[PDB]
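Written below as structure tokens is the structure these notes are about.
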Amino acid sequence: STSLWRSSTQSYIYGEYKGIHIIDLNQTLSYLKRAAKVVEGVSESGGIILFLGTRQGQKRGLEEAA
Amino acid sequence: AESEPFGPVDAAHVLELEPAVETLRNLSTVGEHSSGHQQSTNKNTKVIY
Amino acid sequence: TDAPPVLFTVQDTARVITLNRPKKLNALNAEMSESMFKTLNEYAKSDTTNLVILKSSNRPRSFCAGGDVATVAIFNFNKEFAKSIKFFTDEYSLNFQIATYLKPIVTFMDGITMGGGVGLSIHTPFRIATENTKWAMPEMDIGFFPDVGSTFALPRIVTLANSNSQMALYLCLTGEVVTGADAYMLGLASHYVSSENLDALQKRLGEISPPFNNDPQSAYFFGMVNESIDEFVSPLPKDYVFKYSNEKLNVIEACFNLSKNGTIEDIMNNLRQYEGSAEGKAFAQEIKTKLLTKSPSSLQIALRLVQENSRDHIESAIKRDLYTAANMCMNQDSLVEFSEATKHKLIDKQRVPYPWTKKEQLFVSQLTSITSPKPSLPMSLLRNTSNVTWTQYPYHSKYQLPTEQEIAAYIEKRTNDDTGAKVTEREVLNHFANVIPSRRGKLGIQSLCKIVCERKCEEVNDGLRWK
Amino acid sequence: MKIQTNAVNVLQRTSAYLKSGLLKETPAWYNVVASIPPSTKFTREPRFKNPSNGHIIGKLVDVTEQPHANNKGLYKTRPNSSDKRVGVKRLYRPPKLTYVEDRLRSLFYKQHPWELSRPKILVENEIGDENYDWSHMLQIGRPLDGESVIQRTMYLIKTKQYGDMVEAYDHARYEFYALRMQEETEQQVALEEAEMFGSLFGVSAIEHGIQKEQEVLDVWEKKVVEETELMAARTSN
Amino acid sequence: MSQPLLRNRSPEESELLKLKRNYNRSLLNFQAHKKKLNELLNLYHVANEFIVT
Amino acid sequence: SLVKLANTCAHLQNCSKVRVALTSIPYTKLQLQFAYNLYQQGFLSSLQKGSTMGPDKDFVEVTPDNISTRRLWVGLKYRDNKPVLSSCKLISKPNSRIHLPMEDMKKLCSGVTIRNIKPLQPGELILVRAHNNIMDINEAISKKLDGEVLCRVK
Amino acid sequence: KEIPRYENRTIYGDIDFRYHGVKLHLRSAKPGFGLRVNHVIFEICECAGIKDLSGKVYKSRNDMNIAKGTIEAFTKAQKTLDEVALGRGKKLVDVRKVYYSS
Amino acid sequence: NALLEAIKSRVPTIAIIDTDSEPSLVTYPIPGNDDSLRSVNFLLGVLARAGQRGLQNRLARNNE
Amino acid sequence: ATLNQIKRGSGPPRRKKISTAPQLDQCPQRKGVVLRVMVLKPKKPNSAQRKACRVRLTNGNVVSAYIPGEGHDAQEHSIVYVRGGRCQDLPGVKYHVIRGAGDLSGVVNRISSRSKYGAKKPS
RNA sequence: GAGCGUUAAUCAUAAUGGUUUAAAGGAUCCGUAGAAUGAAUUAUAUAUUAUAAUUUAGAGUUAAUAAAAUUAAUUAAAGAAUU
RNA sequence: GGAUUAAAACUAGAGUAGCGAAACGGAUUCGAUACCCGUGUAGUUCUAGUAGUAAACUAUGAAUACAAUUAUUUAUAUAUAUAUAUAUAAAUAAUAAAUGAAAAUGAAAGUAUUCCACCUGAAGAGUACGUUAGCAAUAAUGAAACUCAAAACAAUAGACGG
RNA sequence: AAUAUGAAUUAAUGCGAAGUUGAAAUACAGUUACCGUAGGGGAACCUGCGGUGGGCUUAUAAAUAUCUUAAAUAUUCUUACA
Ligand SMILES: [K+]
Ligand SMILES: [K+]
Ligand SMILES: [K+]
Ligand SMILES: [K+]
Ligand SMILES: [K+]
Ligand SMILES: [K+]
Ligand SMILES: [K+]
Ligand SMILES: [Mg+2]
Ligand SMILES: [Mg+2]
Ligand SMILES: [Mg+2]
Ligand SMILES: [Mg+2]
Ligand SMILES: [Mg+2]
Ligand SMILES: [Mg+2]
Ligand SMILES: [Mg+2]
Ligand SMILES: [Mg+2]
Ligand SMILES: [Mg+2]
Ligand SMILES: [Mg+2]
Ligand SMILES: [Mg+2]
Ligand SMILES: [Mg+2]
Ligand SMILES: [Mg+2]
Ligand SMILES: [Mg+2]
Ligand SMILES: [Mg+2]
Ligand SMILES: [Mg+2]
Ligand SMILES: [Mg+2]
Ligand SMILES: [Mg+2]
Ligand SMILES: [Mg+2]
Ligand SMILES: [Mg+2]
Ligand SMILES: [Mg+2]
Ligand SMILES: [Mg+2]
Ligand SMILES: [Mg+2]
Ligand SMILES: [Mg+2]
């Protein structure tokens, strides 16, 4: 909701629609690719990768990712 | 400027001093048996005996 | 008081060079070339500049519609040959500086990139294309030759049907325009990035810096630049289909396969005696029509240069282009029609092709003279901060789509391994998409590998053979 | 919250540990992070265009661009108070995305309230696979609903077959009525034809409602009786 | 940087500006004058209901 | 106006703290010269003329008709999670103006506190106004000019 | 933590840092100048490897808050010449060092 | 808590950053909806497969 | 304060020690005559019989001077020399008499710090 | 150290200050002096100032349109209750 | 410098129900010059003046430029598929940053600029003396000596609370 | 007339010990404290009038909730299907 906006995210926002802020997916894709390359690098280097998520329903995804 | 050359001679001008290499050369001509030893510019004071 | 022809700006540790001649489609004159050549030497000495970005302020209309040859034509008509030779010494010297530049240069080919524009991008390992890219070398219609080191680049970077410079000769002799994704798949563009994403990419390029005690000239930093661009690449359009079908790729590979002493007539014979599919036969007639509306002298000169600058080092290939350009503006033997054709098309707007008069077949000696330095006219390329030469680009291969010769090498090696295993198309795709570090996940890499295996390899049992 | 520095500089703090010797062994992530630098600017960025309607943000119309008189009959000869206030904030406020289709959608469901009762699935399948030719209303892959009408209306106005949006909207509405009538008949007839060949059904929709109402009306009977007995005793007081 | 910071109005531009500004002031005066007369007319129509004798 | 310049110096500090990429300042000759020096010295990414609503995309001649609505738009730079332009303060203040001869400017650039002005620090820019032109103190010393020490930027 | 040091002997320029009630004014010094500062700052400089420094503490002289303020000042109030050069796209030359160079 | 411990321990972190979340607290933010299991599992799946490819490339170089 | 208020006088107060022996008139010591020898009680938490003396200085000022050392031979009309220095626990005694000067003899049998008690060096 | 101590004195030792709550905002506003401070462009001069011309962003004047019925002073009334 | 300035107080003339310093009584109490009760004078009211003092407080002088959000009202304007929607200001509330001894402040107690008032340990003391003003009570101005190494604020943990 | 000195005479105040008469203040301090002002009283203090919070923001519910294929179908799924 735009009422809950943390203005430090301003540069990621594409706009507001139906009372919520729309995230810019063009930036999400670029950030996602960079983050993915980091995971691949650490995995290929033998590092320990921990997946943390404590919202209900996330366990199945978290367990398979690990 | 990022690509401007600045060397010892330029630094010497900024600090208003003779180049450091010149100082070394002038310090090597101080020995009594060294080359360049010269002292005559002061022989210009009238003296009477 | 007037807007500078080229604008230079700082982007954090990146230095942005922007072509600023919108009314001329960013055409390159001696002033622009000289300014860029001088400013790049300074950036090479600087220790605060990590990379350079060559873009246009007119995107998506054009990046560079080509060198300003219309002005060079007026010089020839006025016998201002010194002015003309200055225009080519500046441009070719800038193309040589970009080719040998030790810091990453990233060209945004967001628009028409024809002629001089190709020289601004073809020599950089990071030449980014967009949906608006329109790569072409339309010199045969103006009576000139393929300049800006395109006779050294195209025969070494094209990906498909370029084993013997067949595709390179097709683009240089026909002046075909390639658009966006097709330029990326052919090897004309190292990367394919949507125009909308160029602003974000530029900002990221300015923010990245060599880590620890590595200079921006190290191979490590070049890898970083490649990865940064890849984060902004997006998947190709779903409907997109490569421009040239295997049958059309078979016509080019056969009809433009000459020997070390081939001639344009040999190509005309193949295009006139081609046999195969109906599409291939019809395609060969289209090429024959086009190649018969070009300058008979330019086609022969282009073939000569391609057969000469495809096995020589960069400096000798760029120098040979300066000699040819000077030996054409000053038409001592009335063997070319560069000046008259240039006025017919550019200075004067005429859709019809210039009626050609020099329709003879120049001898090997005549071609040698036109492409060799005259002992009376001393011309030399301006000195750059690198002053190095080499026969192979030091970075182009790592960061573009693989060529048909690199895929063949892996099939032959794998097929001749002690493992005694079978080479399978699936194994080929995996080896190029998920193995090589610099090519991991490269856009349209599996599609290209399948085009090569379907046209070059023979599938017997569970193995692949290089027909 | 303050812009944090220590999360994005892990590589630089780690390099100080390694150079000094406080950390003997390079971490596995160290090389990976060095090759992929984090973004550390965290700046607010201006915007000069609304992506939805293409409206330009940050443009001031000068008095020289308003030579003719206004709706009041007066010429503009000087900047007004609004023109003299700095508007930098508009460059940074996320633009409100608007669409003409939103106006038609509100109209359609105001004219056809019961179309709301047809359940809609908001879970997407794959937006990128939609290959629709809006020359016709029906499409393979999507239901016939209010959105079918809106997209048909946009195609008509885009192809310039109709000029006014109202005329294109009415044309699309009738195409929608025809398709809705053919489906209402296919279902009625299919039920009738099945019963004529010996199809049997346990519970009809009407029967389902009666059973549910009975369950509620039974609990209501008990409570009414209980609360009509507490009142009688409490009132006796 | 070379561009002049301000360009003074040409004498012609000042003439057209004065015409528009005089027109703006004159139109507002006229519109207020006509509004007052229209209120005086609507008061005449009802003065037959008012008592002065 | 030195008051206007003080307002601009404080404004740039405020913008740096929140890390806005683009901001506007009053459109005057002094402001333009001040901003241009910062741009050439690498403190500002961009410098564009514009209006109250934003930078102009195409040239818009400035006249008395629109002078009241003109603004200068400057782009701030941030690298490695730090603002490049962290502080901006006046030396010569409206209520106490400081004029120094070239000899005293050389002492200020040499580590000597002159008239309570702390000496020039590494990587700091001190601007001087001479005959209504703004230049770096080192440039004024090169031209043998005496002038008012206006401000220091770091 | 690592603290930037100019020539591994002093700080980059001068520092005016406020840590709670402590006003710290630290000035860089010439080689061979020594440590001429509050005794608390002296010990920190010794451990950190700062050899030349001048400074004065105003307002609160609470030892605890001087020590923490000093550490914070050495990290948050300093900028290396390299960091300034890269941020501004300019070359910064140490004139004294160039004067004694080849 | 976990993010602050990661900072203290110099552990690089990746996180999904929604419009109400502080970006600077993580090394590599991913702007995106963190409330939907579909959006989270889509982003997690992409990161997980990227890790898988890295693991497969490490096990492959050991074989050859 | 503003710049103009400083021009009008506003400024930091000056720090300079103030005189604690005003009756001496900025002299190292002054001669006097003992008016009456007295014994005073220290202020708490101290307990003792502190020997003091009222003295009329040659400038007419009458002061109370502490007699240091163990045992004294000071009487009324004895000529004494008074120096600065207060007796902390005795309020109002702001001066000291000098042992070994005038009619006040040095401390009898003093061995240490003799110069402070007018005791000559034993042979 | 042929001085040492002590007393009397001078300099230094924090304003690279403060005033909601610790010393410290004047009851309030109006306004004189201010050797206090203060817009824009251009041209001169002997130059951060002066002068001239020009400008409208501060500060004002008038009107139009809409809105509001408060605050002062004065006069004329009402109300419940109390004794 | 000028003007205005609660309550009490004073000058003159009216008014005086109720309330109510004082005074006189009744209670309470060991005592009760009090708290509670009675009778109740000045005063509280009006007119014409004097006086210029309050915890006269937001314990926070005025002006200007500027800086990240949300919520809620108000105002103006805009639009329409007419009742909402979109804008721009103001007010208030909660905050980011920043500031701060902290409590907290939050568009200032932030970032800056300009002008005024004021402060420089406690106590002595807002006293003494003088002066000015006032019918008067008083108001303004405003010290020094002596003495001491104290004195004060925010916050912390306790103890205690009819 | 001023300055200085002494001065009959007379005013204010500090510290020291040290009792006495009450219990005014700090908790709801047992009558909320304090500010201005007036009257009264052995003494602190008491009383009237207005003001302030540096005392009461210490602020915390009159409760009640709903229908579509429960599974041969969702729940399984490991780069597969398409
Ligand atoms: K304070
Ligand atoms: K009465
Ligand atoms: K109050
Ligand atoms: K004031
Ligand atoms: K009391
Ligand atoms: K009182
Ligand atoms: K009272
Ligand atoms: Mg969320
Ligand atoms: Mg002793
Ligand atoms: Mg001696
Ligand atoms: Mg001092
Ligand atoms: Mg203040
Ligand atoms: Mg006040
Ligand atoms: Mg006060
Ligand atoms: Mg106005
Ligand atoms: Mg009376
Ligand atoms: Mg009574
Ligand atoms: Mg009065
Ligand atoms: Mg009083
Ligand atoms: Mg007062
Ligand atoms: Mg009040
Ligand atoms: Mg005012
Ligand atoms: Mg008084
Ligand atoms: Mg307290
Ligand atoms: Mg009592
Ligand atoms: Mg009590
Ligand atoms: Mg009490
Ligand atoms: Mg009484
Ligand atoms: Mg009271
Ligand atoms: Mg209390
Ligand atoms: Mg309270």
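Throughout, a chain's letter reflects where its sequence line sits, starting with A, and its residues are numbered from 1. Heavy atoms only: backbone and side chains are in, while hydrogens, waters and symmetry mates are out.
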Here L:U20, assessed by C1'-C2'-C3'-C4' with north positive and south negative, has its sugar north
| Are K:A68 and K:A67 stacked, with six-ring centres under 5.5 Å and planes under 30°? | no
**Prompt:** Is K:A103 base-paired to J:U20, counting Watson-Crick or G-U wobble with both distances below 3.5 Å?
**Reply:** yes
**Asked** Using Watson-Crick (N1 to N3, and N6-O4 or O6-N4) or G-U wobble (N1-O2, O6-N3) distances under 3.5 Å, do J:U74 and L:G54 pair?
**Response** no
Margin query: Does the plane of the ring in D:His112 sit parallel, tilted or perpendicular to the ring in D:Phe108? Use 30° and 60° as the thresholds.
Written below: tilted
Each nucleotide of nucleotides 64-82 of chain L classed B (base within 4.0 Å of a protein heavy atom), S (only sugar-phosphate) or -, in 5' to 3' order, makes ---BB--------SBB---
Answer yes or no: side-chain N or O of F:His11 and base N or O of K:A65 forming a donor-acceptor pair under 3.5 Å. no
- Could you tell me whether the side chain of G:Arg61 has a donor or acceptor atom within less than 3.5 Å of a complementary atom in the base of J:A14? yes
Next on the checklist: Tell me whether D:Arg78 is salt-bridged to D:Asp83, with the criterion being a basic N under 4.0 Å from an acidic carboxylate O.
Outcome noted: no
(request) Please indicate whether K:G40 is base-paired to K:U99 in either the Watson-Crick or the G-U wobble sense, using a 3.5 Å limit on both distances. (result) no
Taking only N and O in the side chain of I:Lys7, is any of them less than 4.0 Å away from OP1 or OP2 of J:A36? yes
Quiz item: Are the six-ring centres of J:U21 and J:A22 nearer than 5.5 Å, with the two ring planes set at an angle smaller than 30°?
Solution: no
Whether the side chain of I:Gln5 and the base of K:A117 hold a donor-acceptor pair under 3.5 Å is what I'd like checked.
yes
- Would you call E:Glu13 and E:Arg7 a salt bridge, taking side-chain N to carboxylate O under 4.0 Å as the test? yes
**Q.** Planes under 30° and centres under 5.5 Å for K:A149 and K:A150
**A.** no
query = With both distances under 3.5 Å required, do K:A102 and J:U21 pair Watson-Crick or G-U wobble?
reply = yes
I:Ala1 brings a side-chain heavy atom under 5.0 Å of base atoms that line the major
Picking from K:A67, J:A8, J:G38, the nucleotide nearest the side-chain atoms of F:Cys15 would be K:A67
Stacking status of neighbours J:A57 and J:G58 at 5.5 Å and 30°
no
*With a 3.5 Å cut-off on both distances, are K:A65 and K:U111 a Watson-Crick or G-U wobble pair?*
yes
So, are K:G49 and K:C10 a pair, meaning Watson-Crick or G-U wobble with each of the two distances under 3.5 Å? yes
### Salt bridge G:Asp16-G:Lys23, side-chain N to carboxylate O under 4.0 Å
no
Subject >> Stacking status for step L:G30-L:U31 (5.5 Å, 30° cutoffs) >> reply: no
